[PDB]
Amino acid sequence: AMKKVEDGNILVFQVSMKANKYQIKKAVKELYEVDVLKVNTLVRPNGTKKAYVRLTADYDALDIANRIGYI
Amino acid sequence: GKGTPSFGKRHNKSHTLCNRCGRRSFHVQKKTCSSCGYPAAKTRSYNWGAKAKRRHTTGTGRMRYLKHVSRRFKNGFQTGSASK
Amino acid sequence: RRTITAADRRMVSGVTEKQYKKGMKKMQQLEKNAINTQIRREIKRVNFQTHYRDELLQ
Amino acid sequence: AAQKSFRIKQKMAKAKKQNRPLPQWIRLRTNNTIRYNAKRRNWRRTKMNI
Amino acid sequence: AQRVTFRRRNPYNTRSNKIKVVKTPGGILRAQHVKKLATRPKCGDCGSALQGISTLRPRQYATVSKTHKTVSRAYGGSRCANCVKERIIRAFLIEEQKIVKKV
RNA sequence: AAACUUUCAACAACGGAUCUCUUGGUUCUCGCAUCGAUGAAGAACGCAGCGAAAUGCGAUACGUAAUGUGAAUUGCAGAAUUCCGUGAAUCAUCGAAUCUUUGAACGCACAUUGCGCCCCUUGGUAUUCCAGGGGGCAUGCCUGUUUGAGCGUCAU
RNA sequence: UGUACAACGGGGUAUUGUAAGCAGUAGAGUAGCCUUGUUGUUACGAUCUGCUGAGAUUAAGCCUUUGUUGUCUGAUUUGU
RNA sequence: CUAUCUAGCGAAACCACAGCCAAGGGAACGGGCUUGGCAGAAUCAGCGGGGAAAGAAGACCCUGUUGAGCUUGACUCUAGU
RNA sequence: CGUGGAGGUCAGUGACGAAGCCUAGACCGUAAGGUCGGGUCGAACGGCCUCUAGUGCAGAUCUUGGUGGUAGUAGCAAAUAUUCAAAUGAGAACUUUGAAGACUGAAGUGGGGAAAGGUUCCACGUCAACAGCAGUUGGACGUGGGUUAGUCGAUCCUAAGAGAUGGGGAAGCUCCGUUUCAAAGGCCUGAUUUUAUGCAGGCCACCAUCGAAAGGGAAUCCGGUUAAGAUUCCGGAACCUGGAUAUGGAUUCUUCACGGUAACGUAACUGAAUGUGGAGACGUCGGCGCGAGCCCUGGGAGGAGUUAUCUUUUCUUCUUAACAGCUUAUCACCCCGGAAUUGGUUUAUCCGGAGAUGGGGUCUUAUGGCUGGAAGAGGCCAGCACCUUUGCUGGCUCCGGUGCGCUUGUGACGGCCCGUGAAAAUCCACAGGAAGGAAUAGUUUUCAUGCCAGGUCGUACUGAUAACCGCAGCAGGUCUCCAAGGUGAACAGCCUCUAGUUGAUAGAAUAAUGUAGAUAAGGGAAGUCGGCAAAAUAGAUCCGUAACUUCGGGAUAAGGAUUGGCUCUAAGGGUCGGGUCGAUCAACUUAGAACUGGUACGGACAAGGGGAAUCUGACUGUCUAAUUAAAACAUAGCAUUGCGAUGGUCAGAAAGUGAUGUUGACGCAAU
RNA sequence: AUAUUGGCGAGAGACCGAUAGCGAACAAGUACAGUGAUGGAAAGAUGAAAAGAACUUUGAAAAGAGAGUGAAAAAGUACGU
Ligand SMILES: [Zn+2]
Ligand SMILES: [Zn+2]
């Protein structure tokens, strides 16, 4: 996932199974003050959810994930 | 062959999971579970299945609410603030 | 850009590596003992066929 | 199968997270009778009938 | 790169899961999935086909213009030209015979 | 003659009897009457700093609040004198709350994490479109309110 | 440490059936030349002829050798 | 290819104790008893006389005051019509 | 005599060792049994008088548990087959790499998938157990990573069918029935904002719902990328739906286009209730035509291989997506015209005064061509550098041909039927003419362009001689797609290329008896119940073929001959000048003649034995899954019986209930 | 007044004492089988205290032999006798 971060402009999250690609969009628009453009979700076989968000250019995912604290 | 071959043609279920007991008993050509008629309101139970009436009856599970009533009766079904 | 492994996770929670090994070995052994017992205690009435046809009359 | 439901997948996920050994620190407790995990399951031996 | 596969999960050769091989820019064969052909619109009277009317599939008729679906006449798009001729002669001749019978 | 076979003893093995034990049963007796549409019993899923279970519990998730007790939990790590105190604790007590998805199961359906409708609200140029949040929509029956029907029927 | 033994090689005997390669003025007949020919001549052309009873194989449970090369003290047990 | 010998791996059926014969008698056909003949460790491959060889509380026959499937103008009743 | 427990008692024994257990050590007792010593061991146990029982085992094809002899034995033997060196490691017949040899041989040991399984996928570490030998290996063990969708599917529709409501039955759990004997319902203008309705202003009489990851269906392609994912991601290029909305263009001041004889056309060009029509929407076989992909093949630009000799040689790359614009056809249709000396016409016999032939045109756009996409991508080759990142540079990526070829798609036709070969959602159009509208103005959102959004769940992997089921890592069983070359009629068999595997416990030896496969002198069914088994015959071409017959067959009847290789001849087609002969392209088929050989030649593979008669069943077909495939069953055909619906036959516990019956005696039912 | 093999809380037994007694003294209606209805187990004890064998040495490693803990390894998690 940390490859898709720095290669793309992507973040990869674990999200609540009840969420629907719209709540996710607004959550990232709110908490981290960015502007996504594309979400791709899936369910992992541990019964959790995974969310590949793609951030617009003019937002760098490395600059964001360093601000968070997982690089 | 009525055996070792004809066990090979066994790849489509006549049963799947009931939403009320959670076991593979829901006949699907007809839509009735064989251990608790699910669409039916009553749970399947017969007094010749006295073992089955232990595997499903009260005390088997959590008893989320019913575990507390003997505690509540003893105190008289009181209410309000605990104390000082 | 990595710090963590299961080994460093189980170091704090008691067992170190040699004790993980010495625990796994006996764990496996006690898992195998019961298998030897189950085979012994089933071997009699596993071959007990309800409707064996006995293809022999003449 | 591949074209599966979600109930099924959710149960399979549970069965996955159940398919681990016993954590070794369990065995060091003060009054312990648990030596191994006896509810263990693998696709070769026992099929889970869901 | 011969000996293609399907590209969807219907391995059974119905009318929906037909294929056509194509040689791509990679120089390999690949199976592209066609969709079912389009039958011509027929006439309401004589039951023959219509001349001037595109042969699409039904919900594809919503995306195209009015000219691809009609023709500049009275029963255009729904009836044959000669059926109209037979529909006009009849109407004139009847209504004139009744006049002939009135006076 | 030795090997071999047999018998007995010692020691060692296989195996788990006997002896001793026992937070378990079984039976008798005494007392009490306490499930649920204010959503039961039961089920599915999930929850711990490191747990697969059993026990507990529900997105406030081996638990919160309150009351009493008055310094532990302890497998490890972590906390630490808040320890002459509104305060430790997998403590006890329990009268306040939470209580996922379900289930008589209640919007319709359910081999689907499927499809709707009403009200309030927010955003997107938006009474109509899309999305988010909150609250409702089952059936039978009763008492009552409201509206309406029937040359059944009265007076005018 | 020898008329020793073996691995090879050689010779005999035997079986098969006349090798690859080369040559040919053989070779139905077709295509090229020029005299138009009792083989006129050149190219292909299964095949045929000569070298060629050749070549191949030959003890693995054949015979022979007097050539080449090499080998020849490891272990155990046994007493009137 | 096996069988056979070897390295490794490695079950089962069956089993009163067991395992040389002849005649005798005997539950009337003995591996054991009685009288005789005889008799020498340990054994390998085969074999198919024998062990009234193993498999299966005979299936045929009979008895049972045990049943069942089926038939009929058997006895007693019955749905329906 | 003895055992488990109870009441009394010995002020009983005992951690200085109770109970228990071993003891070819001792004593007593007829005996059941009791006592003692030794060793072991570690916490409770006894004698006596009495009470009380779940009280004493050699057995029960006894119950449970455990262990033996046989036995280091039977035996680990189908699936053509393994070998050398090295690396790793404690250790290699079995791991990895390389070299060799070989197999599947495109109806596969390949590449994907449906059910099903459930993380078996991938990596790192690892060998106690599993892999019936081994193991450093692994579908095992341990830890972890991993499945990205507006376009694929589910979701939506309905089929056979299931199933509530209202109602009716039933003691009742529940049953009938599915629009029925129900007051079964929303939707739009005025009323212009009170939007509650006065009217409106009328619209069938509908009326649940579930049900197909293979039917119906709104919309997607290329390249690249990962340890493991991808029509999902990256890049580029597109489309559909639902909404908003603004300009351009079109049309209009005589409000809702214009042309064309016509079939019809165009960038567009109001059209409500209602009604109608179409698409959705359909069998199967046969041959003919057209296309795509593949196969075959020529020239050229590059690379590799062989080369003692020959080979302008053998192999190999030379590609072009969805989408979009222009054009493109069999059928069908329009205009002019008016046919027998009847013509046109297909492989196939239909078509024409209901207007053929002919001349000129219209449409459908499967499909094909050109261009955009798209060469910038991908591929082939050469060249320069580097563990930075793995890059950079240059060049070529072209023009053709052929066919009873293969698969497949599709069209126009034909045959077959006492068989005539799903529905619904959904979309569109038409008739009708409601209502409405204008001048910088209004309609245009079916013209072009522009703006926004497109949710939820599945998505890894196998799909089987190791991932499913069969007690298992079983020679069994389980749906389907793609499909190369040669031989040859052939997807047969045999060999091979791409791709994949080279796995199945091994070594040595070669006795009997066996399993499987072959041969056999002379005779030739004497064997045997019996020609069981095996053999012989076997393909193609030519000749020749009986009785009997339902006249269709019998029939490959029987019975004969030929078959190779090489050199040749001939006929069979299309182009272009000659036929009111010529150069040229491109064919695989047929016939014939010579020559030739150890008389061989369907040379391996493949591949019918034949005939005369009887019994029986007409035929094809069906059954006893796992002892009987048959003369039995069925069958068409023949006949009989009941029944005219208030009905025949059948059902149901009953019902305002049901099958035949979406029926009606050329029918249904029963024999 | 009577009933009460169920539920909640209490007290007891001339009862069973881990093949017994509830099917279950333990993570038992568990694992597991079967399409499904349903069927349905096994399995208790180291020692007072883990002091659970530091260290040495052979071994590829398991493990071994010495040492050591302990009252006792004739208690070494395969552990009461
Ligand atoms: Zn159920
Ligand atoms: Zn018409």
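Tabulated results
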{"quantity": "Part-to-part distance (alpha-carbon centres) for the range D:15-31 and the range B:27-84, which is given in Å", "calculated": "31"}
{"quantity": "Potential extension, residue B:24-residue B:40 segment - 0.36 nm per residue separation minus Cα distance", "calculated": "4.1 nm"}
{"quantity": "Helix-derived mean residue ellipticity, 222 nm - over chain A, DSSP H n ≥ 4, -39500 (n - 2.57), to 500", "calculated": "-8500 deg cm²/dmol"}
{"quantity": "Karplus (6.51, -1.76, 1.60) ³J(HN,Hα), θ = phi - 60°, over the range E:79-87, in Hz, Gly and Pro reported as x", "calculated": "9, 6, 5, 6, 5, 4, 4, 6, 8"}
{"quantity": "Positive-end extreme of charge dipole, chain B - chosen from B:69, B:19, B:38 (charges on Cβ)", "calculated": "B:69"}
{"quantity": "Solitary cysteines of chain E, where the nearest other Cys Cβ is not under 4.7 Å", "calculated": "E:46"}
{"quantity": "Per-residue mean of C-beta atoms belonging to partner chains within 10 Å, peptide A:61-69", "calculated": "0"}
{"quantity": "For residues of C:21-31, the mean tally of beta carbons on other chains within 10 Å", "calculated": "3"}
{"quantity": "Local electrostatic count, residue A:60, Cβ distance below 11 Å [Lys/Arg +1, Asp/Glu -1]", "calculated": "-2"}
{"quantity": "Which listed pairs, of A:3/C:18; B:9/D:4; A:4/A:49; D:11/D:47; A:29/A:49; A:21/D:9, have C-alpha distances above 24 Å, in listed order", "calculated": "A:3/C:18"}
{"quantity": "Rounded if a/c under 1.5, otherwise prolate or oblate - chain D, Cα gyration tensor axes", "calculated": "prolate"}
{"quantity": "Exercise: per-residue mean of other protein chain Cβ atoms within 10 Å, D:19-29", "calculated": "4"}
{"quantity": "Inter-label distance, nm, simple model (7 Å from Cα along the C-beta direction), residue E:33/residue C:50", "calculated": "4.5"}
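Reconstructed Cβ throughout: ideal geometry from the backbone, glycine too, with neighbour counts over all protein chains shown. Any read-out appearing in this document is the output of simple, stated calculations on the displayed coordinates, not a laboratory observation.
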